[PDB]
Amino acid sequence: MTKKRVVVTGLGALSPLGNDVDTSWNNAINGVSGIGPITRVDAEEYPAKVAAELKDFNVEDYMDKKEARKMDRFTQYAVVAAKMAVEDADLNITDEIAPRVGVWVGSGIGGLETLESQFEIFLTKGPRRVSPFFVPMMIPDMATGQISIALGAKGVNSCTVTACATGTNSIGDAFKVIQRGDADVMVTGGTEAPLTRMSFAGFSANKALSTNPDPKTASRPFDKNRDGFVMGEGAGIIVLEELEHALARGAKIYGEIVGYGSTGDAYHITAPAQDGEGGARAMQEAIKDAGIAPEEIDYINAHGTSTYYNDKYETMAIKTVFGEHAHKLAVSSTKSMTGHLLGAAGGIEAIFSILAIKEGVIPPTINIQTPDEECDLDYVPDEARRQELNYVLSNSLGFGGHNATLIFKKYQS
């Protein structure tokens, strides 16, 4: 059998930059920051003072209150974003095509807020007052579960959990499902609602978070004075579709997914391998998968978390893979604006990568004020660039040494 071509036919998102794709994207290409003071928890207890939160998100605008009450925020975001994506796709999921429409959405930690609140009930009211809905509300695969129920999607059904690589791995895995002919449509991406007491406690404890109290400068990928990531929340979901299936229904096509790379550092639980060698290998695997030369890559949407090690090592990995071309292509980290959505990062960044191609605009890295000699590539500082793009690469890396890369291409017949 021949490999199927896989195109992107719908986009859905909730992010700190907007409660839909258009607003999120429009804010991104105008260098708008989604970072502000923490409100979701009490910032007094942590060295971190800022976060990238959804603004003005009222879940009841999208579903009944009683339905939302049986969903952790991570699931709420996923269901809202998935429905948005399917509506954008104008896909009618009938009984006839339901077994060929699947869902592959990941989350890095799933319903942590629900776990915390229920454990507190356990401690104060006793185990017999834990909710009958606790288990399904907490497990990370309930985003996929609830999405499939909301959509009537009966096909291949999964959830990848790979830390900060989650959103990228999930999309790549869905891509492979369609390539091998096991689904015609996959609703896929990542979702995360990690703004909780234990998440702030945990990422403070290992010094991962920026302790910069100024929301204007906290997230500054590649900057000499970067000091950690700024945590965000949301979901980025796309509809992937087999090409002939898309054409036959007159689907709109944003672009094509053509390459996916997955490697492991096998080095350390949290620290990236020296020189970003594992990330270099993942990019090389994605490039070989797409059947292109490295020079064909026009823009890299970096993982670019604003930690010391990540941005330095990702720069090294890019130089290793692209050689002289590393100084010719454009790189940017949109985490400068959205913050780090953890398991949802790969999802929103896939959306930005796809729209960069569709609209011919490279979103900038904001907040670079002090150049770092070790991070000397072209990070598209401050201002978006209008440019025709043919190929875009997006990286995600995670704890556990996960490296994941996707390559997107401008759709040509």
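Numbering starts at 1 and follows the sequence shown.
Colleague: So which stretch wins on mean C-alpha B-factor, 242-250 or 126-134?
Modeller: Taking the mean B-factor of the alpha carbons in each, 242-250 is higher.
Colleague: Comparing average C-alpha B factors as deposited, tell me which of 282-290 and 230-238 sits higher.
Modeller: For C-alpha atoms only, the mean B-factor is higher in 282-290.
Colleague: In terms of recorded Cα temperature factor, pick the maximum from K335, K176, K207, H325.
Modeller: Among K335, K176, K207, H325, the highest C-alpha B-factor in the entry belongs to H325.
Colleague: If you compare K224, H303, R73, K83, which has the highest Cα B-factor in the entry?
Modeller: In the PDB entry, the greatest C-alpha B-factor among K224, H303, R73, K83 is found at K224.
Colleague: Would you mind ranking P16 by its C-alpha B-factor against the rest of the chain and naming the third, lowest, middle or highest?
Modeller: Tercile = lowest for this residue's CA B-factor.
Colleague: Lowest, middle or highest third: which one holds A273 when the chain's residues are ordered by CA B-factor from the entry?
Modeller: It belongs to the highest third of the chain when residues are ordered by C-alpha B-factor.
Colleague: Consider only the C-alpha atoms of the modelled residues in this chain, order them by B-factor as the entry records it, and name the third containing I351: lowest, middle or highest.
Modeller: Tercile = lowest for this residue's CA B-factor.
Colleague: For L389, return the chain-relative third of its C-alpha B-factor as stated in the PDB record: lowest, middle or highest.
Modeller: Highest third - that is where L389 ends up once the chain's C-alpha B-factors are sorted.
Colleague: Using the temperature factors of the C-alpha atoms in this entry, rank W104 within its chain: lowest, middle or highest third.
Modeller: According to the entry, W104 has a C-alpha B-factor in the chain's lowest third.
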